[PDB]
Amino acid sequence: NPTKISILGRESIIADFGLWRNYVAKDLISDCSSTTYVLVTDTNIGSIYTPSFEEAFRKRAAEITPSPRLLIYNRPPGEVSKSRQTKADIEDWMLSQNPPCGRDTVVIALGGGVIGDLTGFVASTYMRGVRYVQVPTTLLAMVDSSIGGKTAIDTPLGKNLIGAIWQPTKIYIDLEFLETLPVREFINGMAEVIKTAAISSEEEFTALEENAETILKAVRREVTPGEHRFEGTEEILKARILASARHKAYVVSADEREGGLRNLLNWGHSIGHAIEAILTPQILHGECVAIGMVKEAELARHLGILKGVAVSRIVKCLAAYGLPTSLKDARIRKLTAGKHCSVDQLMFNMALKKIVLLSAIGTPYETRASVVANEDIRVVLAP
């Protein structure tokens, strides 16, 4: 059965195994009536998933007169496509169609965080705004990037500098996409899942601790023909992933005077972003956020706010899912030959302190990021 989660007081999220394979096309043409559908993705994702959809779309466009059209745009993979150049590329491409794409256009964002931010931003300004849907194909996109409307592209000077808040009409979460997602990317996305649980539900966190071995085994297993990577553990994977997605939706949907409940989502990102500013692009975002979570967890313990046992759980849980819990992680070192993260550099990258503090697994200290002394931060980052 398809699970539904709402965003900003309305239906928006539809999650299940096989949506892309048999549900999205029909749904779009039905609930997102348009004459034109523009699908944006990269060559990796697309070469694997675009063919089936083209057929499923053709099969759904036929039971209608006249038949809506599906236009496909394949961008090269990587953070590099999240640029002004590609935004203008996709746009001119869309304007140059016969007939050109109009304000009724429904853009389909089939990809991870990169394609998501790019496509969302394209849609936000196309003729001052057109509808679009998110079809996250990475774990991180499913529970984070595709939720909340934050759209943008990069500039040589920094990440997500030019963009917009543009909400998607719908977010289709097809867990089957995780069947072909590279093991490292999957692990990477788990950083947000564990973060979410860590700051919202102790029960959820425990479920993550208990489901690690099973989940990871499935993520690494050799799939025999006729099988689906996650057969046998579908409910576990769905309950775990949707718990995070759902939380993100709740936080983003909760306003009517809140102050900064959204702030708690940055737990582990204060230090995590600092670390990433140095180790990127060798080390992924989640990998850096994982380490940031451990450091920030130690900090709170250092300030006598977090019990030492919670730190250890936080550490075993991340490692159980394959995430690094230290800056000298064997894997990290091999990928970043000649990169060091000195306290000074980290204390610097951070100043460019307010760290969400935890008082217990599933329980934040303040309802917002707390203010901590630079000296206390340095001690934590000491060798």
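Just count from 1 along the sequence shown to find any residue number.
Of the other structures of this protein that model both sides of residue 103, every one gives it coordinates; not a third omit it. Compared with the other entries of this protein, residue 256 is frequently left unbuilt, missing from a third or more of those that build its neighbours. The gap between residue 352 and residue 353 holds 4 to 9 unmodelled residues of the deposited sequence.
If you average the C-alpha B-factors over 247-255 and over 102-110, the higher value belongs to 247-255. Annotation for 262-270 versus 144-152: the higher mean temperature factor (C-alpha) is found in 262-270. The PDB entry gives the largest Cα B-factor of the residues 336, 325, 41, 34 to 336. Taking the PDB entry at face value, the top CA B factor among 28, 45, 332, 317 belongs to 28. When all modelled residues of the chain are sorted by CA temperature factor, residue 120 is found within the lowest third.
For residue 196, the recorded CA B-factor ranks within the middle third of the chain. Only modelled residues enter the ranking.
Residue 165 sits in the lowest third of its chain by CA B factor, as recorded in the PDB entry.
Per the PDB record, residue ranking by Cα B-factor puts residue 188 in the lowest third of the chain.
Per-chain ranking of the deposited C-alpha B factor places residue 276 in the highest third.
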